[PDB]
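# Survey of secondary and tertiary structure
One letter stands for each residue in the lines below.
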Number of protein chains: 2
Amino acid sequence: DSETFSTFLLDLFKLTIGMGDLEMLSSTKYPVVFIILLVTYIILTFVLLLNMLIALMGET
Amino acid sequence: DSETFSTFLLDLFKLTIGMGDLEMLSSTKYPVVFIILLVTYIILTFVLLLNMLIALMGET
Ligand SMILES: CC(C)CCC[C@@H](C)[C@H]1CC[C@H]2[C@@H]3CC=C4C[C@@H](OC(=O)CCC(=O)O)CC[C@]4(C)[C@H]3CC[C@]12C
Ligand SMILES: CC(C)CCC[C@@H](C)[C@H]1CC[C@H]2[C@@H]3CC=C4C[C@@H](OC(=O)CCC(=O)O)CC[C@]4(C)[C@H]3CC[C@]12C
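Residues numbered from 1 in each chain as written, not as in the entry; some residues may be left out. Chains lettered and ligands numbered in written order. Part of a larger assembly, values for the part shown. Heavy atoms only, no water. Residues with missing side-chain atoms left out of burial classes, pairs and counts.

- Chain A has the name Transient receptor potential cation channel subfamily V member 4 in the PDB entry, where Homo sapiens is given as its organism.
- Under its PDB header, the title given for this structure is "Cryo-EM structure of the human TRPV4 - RhoA in complex with 4alpha-Phorbol 12,13-didecanoate".

### Focus on the site of ligand 2
- Around ligand 2 sit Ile35 of chain A together with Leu9, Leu10 and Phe13 of chain B, and that is every residue in its neighbourhood.
- For ligand 2, whose unbound accessible area comes to 730 Å², protein coverage reaches 45%.
- Class assignment of the residues belonging to the shell around ligand 2 gives a composition of four nonpolar, no polar and no charged. (Near = heavy atom within 4 Å. Areas by Shrake-Rupley, 256 points an atom, 1.4 Å probe, with all protein chains shown as cover. Nonpolar A, V, L, I, M, F, W, Y, C, P; charged D, E, K, R; others polar.)

### Digging into the interface of chain A and chain B
- Across the contact, nine residues belong to chain A and six residues belong to chain B.
- With both sides pooled, the region where chain A packs onto chain B buries about 810 Å², and carbon together with sulfur makes up 75% of that total.
- On inspection of chain A and its partner chain B, the count reaches zero salt bridges.
- Connecting chain A to chain B are zero residue pairs in polar contact.
- When grouped by side-chain class, the residues that make up the side of chain A that touches chain B number four nonpolar, three polar and two charged. (Contact = heavy atoms within 4.5 Å. Buried area = accessible area lost by both parts, 1.4 Å probe. Salt bridge = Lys/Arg side-chain N within 4 Å of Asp/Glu carboxyl O. Polar contact = N/O pair within 3.5 Å; in protein donor to acceptor, adjacent residues only side chain to side chain.)

Rendered as structure tokens:
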């Protein structure tokens, strides 16, 4: 399923930029857990990982 | 009205992400107060709550 992964990765990175739509989830079973996982992914990427990068510069 | 709440919550969280549109307000009376409330919600979520999280890491 290399092609599916290749397409989805571009879509996921675009969603990470803040632009796009998660229309691909129609084929997924148990959509709730996918929503939760994407929620936590966004939270980690934006709140914790990005903030720590901010903090490091200030202290150095 | 559990179903309406379930749908609206997803829409509201999506708006919190910065993507989506607030098309659901057509059925609402006194739209102005709804606009104001969403304004203050966004202000608190982005300006004050998010900033305090930034500040805490720097001081620790
Ligand atoms: C966060 C940092 C540390 C990681 C760097 C991110 C890259 C690994 C991501 C960002 C955008 C991604 C790319 C988005 C689009 C494509 C084209 C894709 O091949 C295609 O041309 C089919 C899809 C298309 O044509 O758009 C193969 C993966 C690639 C290079 C993706 C692979 C991984 C990339 C470079
Ligand atoms: C800011 C932090 C501390 C709170 C965490 C946010 C979650 C409580 C929000 C974010 C996205 C929300 C979800 C968006 C979509 C859905 C599916 C929804 O049920 C449906 O499948 C119908 C709507 C649809 O299929 O899209 C029930 C609520 C849920 C899990 C929402 C409930 C609450 C969630 C998980």
